[PDB]
Structure formats: C-alpha cells, structure tokens
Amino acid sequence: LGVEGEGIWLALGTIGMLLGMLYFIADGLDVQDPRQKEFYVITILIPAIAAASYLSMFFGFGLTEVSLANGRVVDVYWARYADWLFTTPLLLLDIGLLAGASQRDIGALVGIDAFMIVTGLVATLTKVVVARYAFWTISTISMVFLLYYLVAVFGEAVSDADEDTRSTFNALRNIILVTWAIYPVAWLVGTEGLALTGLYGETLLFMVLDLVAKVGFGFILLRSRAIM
C-alpha cells in the first residue's frame, strides 16, 4: 500500500533484507575465527538495520510530507536516511577491514560518508527548491570523492594482500561504485527532484539498489575465502 502503492516494494525490501540477514546468520554458525566472525557481525547487522527501516516505512513510520516553496508536496520516506547513516559506514568498515586499511583511512571515509548522507537528508527535507538542489550537489560531490578515496586509498591498502583478498576487494569495490553512484541519480529523477518518476518508481529503484548494496554485497563478501 503506502501513498501510491509503493508499499509493495517496502514489503519486498523488508523480506529481501530479512532473508539475506537470515542466510548470513545460518552461514556463520560454524565460524569461531575472531576476524571472520567480525565480518559476519557487521554483514548481518546491515540488512537487520535495513529490514527494520523498510518495515517502519511499510507501516508508515518513516513517511512525512514536505510542502516546498514550489507548492509541490513531496512524500518523503525519511527513515531511509536513518538506515543509510549507519549501514553505509558499516559497509565501508566491512570493505575497509577486508582491504586491511588503517583506522585513519576507514574513519576518514566514514566521516566523508556521514557528510554525504546528512547533506542528502537536508536536500530531501528543505523546502527551498534551490537549497534542495544545492545540497544534492553538495552530497553528490562528497560521494564522488568518497568513491575516489575508496578506490585510491583502500585499493592501495589491499595492494599487498593475497590474490584472493584483492579479487574479493575488487568485486566489492565494483558493487559499491556502480550501485552507490546510482543513488543520487534516483533522487534526481524521483519525486524529490525532477519528478521524472513517481513515488512508486522511486521506491522500486531504491529497493533494487539497497538489496544489491547490502544482500548482494554481503553474499559476495561472506562467500569469499578472503575472510577466512
């Protein structure tokens, strides 16, 4: 249900995340390697958070209307940003730990990533049209260089790891590059920006992206000898 029938995607996202979280738990039962276990904890928590936020959005909790100075009324599922505020740093930690990056470097990218999500939230909530696009631009600039440092910095951290770890890192990095880069596009073309698609199309697109960025990513990470 929802405002425009977009609830079907909120329900399926809820289910997709829960099934991924559950697979990950059953797959991690017979691991007691402390470092391997850490990868399971992180990678289970991520779709747990998302499942919870997707369910709250299904029930209408993360949903607010914003009347823009435009007169337009935007149906904002703000609970997304609550989800992303924690899971995108957890995702960055996950791949940082695989790459063997330093704590300096991981914290640097999480700080960058947080700035990306919070300026995206301001873009999403502010009523001043120019500010919405001003902050979407601010946020997209931070994403571009987050992705650059992810490639340049974590890439060089892993450059001295074994070949299985570098290859798992390359796959995970690639999932992030293609999948995360589309989020600002969905915001732009969905109802919070140019409104090229409705709340239904926009919610479907974030569902596909979230499921790939979390369950797809987690599956590839947890199935890789690199973490053993």
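One-based numbering along the sequence shown. Rigid core: the largest C-alpha set superposing within 1.5 Å between the two forms.
Problem - Between 27-35 and 176-184, the one whose CA atoms sit farther away in 4 other deposited structures of this protein (rigid core aligned) - result: Of 176-184 and 27-35, the stretch deviating more in 4 other deposited structures of this protein is 27-35.
Exercise for the section: Using the B-factors recorded in the PDB entry, average over the C-alpha atoms of 57-65 and of 178-186, then report which stretch comes out higher. Expected result: According to the entry, 57-65 carries the higher average C-alpha B-factor.
Problem - Residue stretch of maximal mean CA temperature factor, 161-169 vs 42-50 - result: Higher of the two, by average CA B-factor, is 161-169.
Exercise for the section: Choose from 145, 81, 133, 115 the residue with the greatest Cα B-factor as stated in the PDB record. Expected result: Highest C-alpha B-factor among the listed residues goes to 145.
Exercise for the section: Grab the CA temperature factor for residue 103 from the record and place it in the lowest, middle or highest third of its chain. Expected result: Within its chain, residue 103 is a highest-third residue by C-alpha B-factor, going by the deposited values.
Practice task
Consider only the C-alpha atoms of the modelled residues in this chain, order them by B-factor as the entry records it, and name the third containing residue 76: lowest, middle or highest.
Solution key: Its C-alpha B-factor belongs to the highest third of this chain's values.
Problem - residue 96 CA temperature factor, ranked by third within the chain - result: For residue 96, whose C-alpha B-factor we compare with every modelled residue in the chain, the answer is the middle third.
Exercise for the section: Compare the C-alpha B factor of residue 3 with those of the other modelled residues in its chain, then answer lowest, middle or highest third. Expected result: Residue 3: CA B-factor falls in the highest third of its chain.
Exercise for the section: Going by the recorded CA B-factors, say which third of the chain residue 111 sits in, lowest, middle or highest. Expected result: Tercile = middle for this residue's CA B-factor.
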